[PDB]
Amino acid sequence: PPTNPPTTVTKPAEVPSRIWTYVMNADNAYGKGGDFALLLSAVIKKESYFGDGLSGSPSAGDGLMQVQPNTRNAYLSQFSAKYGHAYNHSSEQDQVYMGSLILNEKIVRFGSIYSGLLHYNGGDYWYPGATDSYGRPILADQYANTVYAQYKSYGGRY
(Lines of atoms letter the chains of each structure in order from A and count residues from 1; the text may use other names and numbers.)
(Lines give C-alpha, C1' and ligand atoms only; values in the text may rest on other atoms or scores of the structure.)
Protein backbone atom coordinates (compact mmCIF):
# COMPACT_ATOMS: atom_id res chain seq x y z
CA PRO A 1 0.00 0.00 0.00
CA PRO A 2 1.78 3.16 -1.30
CA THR A 3 2.46 5.88 1.27
CA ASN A 4 2.95 9.65 1.37
CA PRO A 5 5.90 10.07 1.67
CA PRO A 6 7.32 6.86 0.09
CA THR A 7 9.95 6.44 2.84
CA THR A 8 7.41 5.37 5.49
CA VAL A 9 8.71 2.11 7.01
CA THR A 10 6.10 -0.67 6.89
CA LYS A 11 5.01 -2.38 10.11
CA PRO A 12 6.13 -6.02 10.20
CA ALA A 13 3.02 -8.22 10.05
CA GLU A 14 3.75 -9.95 13.40
CA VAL A 15 4.22 -6.65 15.31
CA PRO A 16 0.87 -5.69 16.92
CA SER A 17 -0.33 -2.28 15.71
CA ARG A 18 -0.51 -0.86 19.25
CA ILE A 19 3.22 -1.64 19.65
CA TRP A 20 4.09 -0.14 16.23
CA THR A 21 2.53 3.16 17.31
CA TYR A 22 4.58 3.17 20.54
CA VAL A 23 7.90 2.51 18.73
CA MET A 24 7.17 4.94 15.87
CA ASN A 25 6.59 7.72 18.39
CA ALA A 26 9.92 6.80 20.01
CA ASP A 27 11.57 6.69 16.57
CA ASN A 28 10.22 10.21 15.87
CA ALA A 29 11.77 11.48 19.13
CA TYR A 30 15.23 10.31 17.97
CA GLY A 31 14.85 11.22 14.25
CA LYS A 32 15.59 7.71 13.01
CA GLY A 33 13.40 7.53 9.88
CA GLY A 34 11.57 4.44 11.14
CA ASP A 35 14.68 2.26 11.53
CA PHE A 36 14.81 2.53 15.35
CA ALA A 37 11.13 1.47 15.39
CA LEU A 38 12.16 -1.80 13.71
CA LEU A 39 14.94 -2.31 16.31
CA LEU A 40 12.57 -1.46 19.17
CA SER A 41 9.99 -3.92 17.80
CA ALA A 42 12.63 -6.67 17.94
CA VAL A 43 13.60 -5.74 21.53
CA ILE A 44 9.97 -5.67 22.75
CA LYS A 45 9.34 -9.08 21.12
CA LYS A 46 12.25 -10.57 23.09
CA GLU A 47 11.74 -8.73 26.43
CA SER A 48 8.02 -9.29 26.79
CA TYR A 49 6.12 -10.82 23.90
CA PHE A 50 4.50 -7.48 23.14
CA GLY A 51 3.07 -7.83 26.66
CA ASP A 52 1.80 -11.37 26.06
CA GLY A 53 4.93 -13.11 27.34
CA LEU A 54 5.04 -11.72 30.88
CA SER A 55 2.54 -13.82 32.89
CA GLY A 56 4.43 -15.88 35.47
CA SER A 57 7.70 -13.94 35.15
CA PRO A 58 9.05 -12.46 38.40
CA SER A 59 9.88 -9.28 36.43
CA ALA A 60 6.42 -9.07 34.82
CA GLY A 61 5.70 -5.71 36.51
CA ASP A 62 8.62 -4.12 34.64
CA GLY A 63 6.49 -3.87 31.49
CA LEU A 64 7.19 -3.91 27.76
CA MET A 65 10.95 -3.29 27.71
CA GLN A 66 11.72 -4.87 31.10
CA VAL A 67 13.40 -1.82 32.60
CA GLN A 68 14.09 -2.67 36.26
CA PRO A 69 12.63 -0.38 39.00
CA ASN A 70 16.08 0.99 40.04
CA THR A 71 16.94 1.75 36.40
CA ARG A 72 13.63 3.55 35.74
CA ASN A 73 14.33 5.59 38.89
CA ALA A 74 17.87 6.51 37.77
CA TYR A 75 16.55 7.87 34.47
CA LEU A 76 13.52 9.86 35.72
CA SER A 77 14.92 13.41 35.24
CA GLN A 78 16.38 12.53 31.84
CA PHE A 79 13.08 11.01 30.70
CA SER A 80 11.24 14.20 31.65
CA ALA A 81 13.77 16.36 29.80
CA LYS A 82 13.64 14.24 26.64
CA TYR A 83 9.86 13.72 26.52
CA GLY A 84 8.36 16.74 28.31
CA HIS A 85 6.44 14.84 31.02
CA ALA A 86 7.10 12.71 34.10
CA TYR A 87 7.48 8.98 33.50
CA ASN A 88 4.23 7.11 34.10
CA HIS A 89 4.89 3.37 34.44
CA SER A 90 1.19 2.58 33.83
CA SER A 91 1.53 4.08 30.33
CA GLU A 92 2.81 1.54 27.78
CA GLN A 93 3.93 4.44 25.55
CA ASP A 94 6.09 5.75 28.42
CA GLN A 95 7.49 2.27 29.09
CA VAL A 96 8.66 2.20 25.46
CA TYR A 97 9.92 5.82 25.65
CA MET A 98 11.95 4.90 28.77
CA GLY A 99 13.36 1.66 27.34
CA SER A 100 14.23 3.36 24.05
CA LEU A 101 15.99 6.23 25.84
CA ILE A 102 18.13 3.68 27.68
CA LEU A 103 18.81 1.66 24.50
CA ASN A 104 19.71 4.79 22.54
CA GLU A 105 22.09 5.70 25.38
CA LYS A 106 23.86 2.33 25.10
CA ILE A 107 24.11 2.45 21.28
CA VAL A 108 25.48 6.03 21.35
CA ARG A 109 27.79 5.39 24.32
CA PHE A 110 29.26 2.09 23.10
CA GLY A 111 29.16 3.02 19.40
CA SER A 112 27.17 0.16 17.80
CA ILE A 113 23.77 -1.55 17.59
CA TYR A 114 25.24 -4.91 18.69
CA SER A 115 26.92 -3.51 21.84
CA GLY A 116 23.81 -1.46 22.61
CA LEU A 117 21.73 -4.64 22.65
CA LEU A 118 24.30 -6.70 24.60
CA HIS A 119 24.65 -4.00 27.24
CA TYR A 120 20.88 -3.31 27.22
CA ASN A 121 20.37 -6.92 28.30
CA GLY A 122 23.33 -7.43 30.68
CA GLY A 123 24.29 -3.93 31.81
CA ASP A 124 27.76 -2.43 31.34
CA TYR A 125 29.61 -5.12 33.33
CA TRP A 126 28.18 -8.34 31.89
CA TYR A 127 30.13 -11.60 31.83
CA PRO A 128 29.26 -15.14 30.67
CA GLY A 129 27.44 -16.91 33.52
CA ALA A 130 26.15 -13.65 35.03
CA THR A 131 22.87 -13.55 36.94
CA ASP A 132 20.09 -10.99 37.44
CA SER A 133 18.45 -10.08 40.76
CA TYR A 134 16.07 -13.08 40.44
CA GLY A 135 18.91 -15.54 39.81
CA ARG A 136 18.11 -15.88 36.12
CA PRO A 137 21.02 -16.46 33.71
CA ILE A 138 21.68 -13.39 31.55
CA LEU A 139 22.58 -14.56 28.04
CA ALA A 140 23.58 -11.10 26.77
CA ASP A 141 25.51 -12.38 23.73
CA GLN A 142 22.64 -14.63 22.54
CA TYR A 143 20.19 -11.78 23.19
CA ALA A 144 22.29 -9.41 21.07
CA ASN A 145 22.53 -12.12 18.36
CA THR A 146 18.77 -12.91 18.43
CA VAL A 147 17.52 -9.32 18.56
CA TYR A 148 20.01 -8.11 15.90
CA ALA A 149 18.96 -10.91 13.53
CA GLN A 150 15.29 -10.06 14.18
CA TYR A 151 16.01 -6.36 13.51
CA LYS A 152 17.66 -7.35 10.20
CA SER A 153 14.78 -9.71 9.36
CA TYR A 154 12.40 -6.79 9.97
CA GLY A 155 14.28 -4.82 7.28
CA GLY A 156 16.65 -2.80 9.48
CA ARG A 157 19.05 -0.79 7.31
CA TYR A 158 22.07 -0.44 9.62
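A residue's number is simply how far along the shown sequence it sits, counting from 1.
Engineer: Could you check the entry and say whether 23 to 31 or 128 to 136 has the higher mean CA B-factor?
Structural biologist: Comparing averages over the C-alpha atoms only gives 128 to 136.
Engineer: Quick check on the record: does 106 to 114 or 37 to 45 carry the larger mean Cα temperature factor?
Structural biologist: Between 37 to 45 and 106 to 114, it is 106 to 114.
Engineer: Per the PDB entry, which option out of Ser100, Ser55, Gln93, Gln66 has the greatest Cα B factor?
Structural biologist: In this record, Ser55 carries the highest C-alpha B-factor of the candidates.
Engineer: Would you check the entry's CA temperature factor for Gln142 and let me know if it's in the chain's lowest, middle or highest third?
Structural biologist: Highest third of the chain for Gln142's C-alpha B-factor.
Engineer: So where's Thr10 on the chain's Cα temperature factor ranking, which third?
Structural biologist: Within its chain, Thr10 is a highest-third residue by C-alpha B-factor, going by the deposited values.
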